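Asks: Provided herewith is a single structure, encoded as structure tokens, for subsequent inquiry.
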Amino acid sequence: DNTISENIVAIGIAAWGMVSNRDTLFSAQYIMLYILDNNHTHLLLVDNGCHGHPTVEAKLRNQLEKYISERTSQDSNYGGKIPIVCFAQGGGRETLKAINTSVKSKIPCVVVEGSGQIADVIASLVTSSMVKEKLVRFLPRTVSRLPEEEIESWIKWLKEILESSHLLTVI
Amino acid sequence: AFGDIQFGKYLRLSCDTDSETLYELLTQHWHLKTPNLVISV
Amino acid sequence: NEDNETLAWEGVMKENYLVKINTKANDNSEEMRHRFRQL
Amino acid sequence: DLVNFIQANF
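Chains as they are written, first to last, in full-length UniProt numbering: chain A, 198 to 202, 207 to 226, 236 to 242, 250 to 343, 350 to 394; chain B, 102 to 108, 115 to 148; chain C, 1047 to 1085; chain D, 40 to 49.
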């Protein structure tokens, strides 16, 4: 919609295995085990695993973001570095892993919204028993499905994220 | 093998590929640098 | 093609107008009863 | 060219 109305730059990073259809190629064009958007200008595919449900592109994404943090920008109004912002409106294992990886670095000051998800629980939180109780009230199906060890790991991740409130902001 | 699917261009990136090299190639070949960026999860 | 592009642009303007009219009603009220209820 | 750069990246 915006481009129909300087061009916007969108990069979508995913895993090759997750792609349902594989095309090999001069230029090759196709018309539309996970579907992929055809609207983003740029797309990247990882080469870690084939036909694997788990996604390994998160590590490459985090490495790219960290490198972007350590960059020079003189014409910009910043102090040489390029500002970075992370959005985590959704909730889940992948979202929390990305949050932890980003917050491990200082630059990725995370900003989150109020939509119903684990991010909402994180916003509400900003000890262990209270966090666990809040997580239980967040999603009954998600907490029930998660094993006890998985729930403990989730609570540990939430505590780690809350351990650094300086870099976290919530609308 | 990379391909310019039309229905933009997409190129597969190896997990072991260096971030610096791919970023430099992308900036030099495709478009200008970004004064700001946001990553959404 | 071109006609479809013009229609898509018109739909974008329609979405903008719908957003504007929707926010007009919300902004009309000068009292923030939500804040009072939260308090 | 672009093709050579893509091949090198691969």
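Don't be surprised by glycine CBs; every beta carbon is placed ideally from N, CA and C.
Compare the Cα-Cα distances from A:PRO363 to each of A:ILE335, A:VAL343 and A:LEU342 and report the closest residue.
Replies: Here residue 363 of chain A corresponds to residue number 140 of the first sequence, with the count starting at 1. Minimum Cα distance to A:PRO363 is reached at A:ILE335.
Asks: Give me the Cα-Cα distance between A:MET242 and C:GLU1076, rounded to the nearest whole angstrom.
Replies: On the first sequence, residue 242 of chain A is found 32 positions in, with the first residue counted as 1. On the third sequence, residue 1076 of chain C is found 30 positions in, with the first residue counted as 1. If I take the Cα positions, the gap works out to 50 Å.
Asks: Using a Cβ distance threshold of 8 Å, determine whether the region 364–376 of chain A contacts the region 291–299 of chain A, with at least three qualifying pairs required.
Replies: In short, these stretches do not touch, since the Cβ pair count stays below three.
Asks: Give the C-beta separation of A:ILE301 and B:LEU120 to the nearest angstrom, bearing in mind that I take them to be a contact with Cβ-Cβ under 8 Å.
Replies: The residue given as residue 301 of chain A occupies position 84 in the first sequence. The residue given as residue 120 of chain B occupies position 13 in the second sequence. At roughly 19 Å, the Cβ-Cβ gap does not stay under 8 Å, so A:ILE301 and B:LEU120 are not in contact.
Asks: Taking A:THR200 as the reference, which of C:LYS1070, C:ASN1047 and C:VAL1058 has the closest Cα?
Replies: The sequence position of residue 200 of chain A within the first sequence is 3, counting from 1. Considering only alpha carbons, the answer is C:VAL1058.
Asks: Spell out the partners DSSP gives B:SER147 in its beta bridges.
Replies: For this step, residue 147 of chain B is matched to residue 40 along the second sequence. DSSP lists A:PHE304 as partners of B:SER147.
Asks: Are B:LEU129 and D:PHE44 touching if we call contact CB-CB under 8 Å?
Replies: For the purposes of this step, residue 129 of chain B is identified with residue 22 of the second sequence, where counting begins at 1. For the purposes of this step, residue 44 of chain D is identified with residue 5 of the fourth sequence, where counting begins at 1. Against a cut-off of 8 Å, the Cβ pair of D:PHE44 and B:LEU129 comes out as no contact.
Asks: Of the residues A:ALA211, A:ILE384, A:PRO370 and A:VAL263, which one's Cα is nearest the Cα of A:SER341?
Replies: Taking the first sequence and counting its residues from 1, one reaches residue 341 of chain A at position 124. Among A:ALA211, A:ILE384, A:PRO370 and A:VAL263, the Cα nearest to that of A:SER341 is on A:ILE384.
Asks: Would you say B:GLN135 lies against chain A (beta-carbon separation less than 8 Å)?
Replies: What you label residue 135 of chain B is simply residue 28 of the second sequence in a count that begins at 1. For B:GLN135, the answer is no, since every Cβ of chain A falls outside 8 Å of its Cβ.
Asks: Can you give me the C-alpha to C-alpha distance between C:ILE1067 and C:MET1078, rounded to a whole angstrom?
Replies: By 1-based counting over the third sequence, the position of residue 1067 of chain C is 21. By 1-based counting over the third sequence, the position of residue 1078 of chain C is 32. When rounded, the distance between both Cα atoms is 19 Å.
Asks: Does the separation of the CB atoms of A:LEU250 and A:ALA215 fall below 8 Å?
Replies: Counting from one through the first sequence, the residue named residue 250 of chain A turns up at place 33. Counting from one through the first sequence, the residue named residue 215 of chain A turns up at place 14. No, these two residues do not count as a Cβ contact at 8 Å.
Asks: Per DSSP, what are the beta-bridge partners of A:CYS326 in this structure?
Replies: Here residue 326 of chain A refers to the residue found at position 109 of the first sequence. DSSP lists A:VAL302 as partners of A:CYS326.
Asks: Using a cut-off of 7 Å between C-beta atoms, extract the partners of C:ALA1054 located in chain A.
Replies: To locate residue 1054 of chain C, count along the third sequence from 1; it is residue 8. By Cβ distance, chain A contributes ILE201.
Asks: Would you check if the distance between the CB atom of B:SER126 and the CB atom of A:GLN280 is smaller than 8 Å?
Replies: What you label residue 126 of chain B is simply residue 19 of the second sequence in a count that begins at 1. What you label residue 280 of chain A is simply residue 63 of the first sequence in a count that begins at 1. Contact: yes.
Asks: Comparing the C-beta of B:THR128 with each C-beta of chain A, is any distance below 8 Å?
Replies: Counting from one through the second sequence, the residue named residue 128 of chain B turns up at place 21. No, its Cβ sits nowhere closer than 8 Å to a Cβ of chain A.
Asks: Counting only Cβ pairs nearer than 7 Å, list the residues of chain D close to B:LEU132.
Replies: Residue numbering aside, residue 132 of chain B sits at position 25 when the second sequence is read from its first letter. The contacting residues are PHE44 and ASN48.
Asks: A:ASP198 touches chain C at which residues, Cβ-Cβ below 7 Å?
Replies: For the purposes of this step, residue 198 of chain A is taken as the residue at position 1 of the first sequence. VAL1058, listed in chain order.
Asks: According to DSSP, A:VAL220 sits in a beta bridge with which residue or residues?
Replies: The residue given as residue 220 of chain A occupies position 19 in the first sequence. A:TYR251.
Asks: Could you pull out every residue in the same chain whose Cβ sits closer than 7 Å to the Cβ of A:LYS283, ignoring the five residues on either side in sequence?
Replies: Here residue 283 of chain A refers to the residue found at position 66 when the first sequence is read from its first residue. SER322, listed in sequence order.
Asks: How is the beta strand (DSSP E) around B:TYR117 delimited, first residue to last?
Replies: By 1-based counting over the second sequence, the position of residue 117 of chain B is 10. First-last of the beta strand (DSSP E) with B:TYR117: 116–119.
Asks: Just how far apart, CA to CA, sit residue 399 of chain A and C:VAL1065?
Replies: Beyond the ends of chain A as shown, which are 198 and 394, falls residue 399 of chain A; an answer cannot be given.
Asks: So which of A:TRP377, A:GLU207 and A:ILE394 has the shortest CA-CA distance to A:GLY309?
Replies: In the first sequence, the residue the question calls residue 309 of chain A occupies position 92. Measuring from the Cα of A:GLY309, the nearest candidate turns out to be A:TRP377.
Asks: Provide the residue(s) that pair with A:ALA215 in DSSP beta bridges, ordered along the chain.
Replies: Taking the first residue of the first sequence as position 1, residue 215 of chain A is located at position 14. Bridge partners of A:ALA215: A:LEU262.
Asks: Tell me where the beta strand (DSSP E) around A:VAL393 begins and ends.
Replies: Indexing the first sequence from 1 puts residue 393 of chain A at position 170. Its beta strand (DSSP E) spans residues 391–393.
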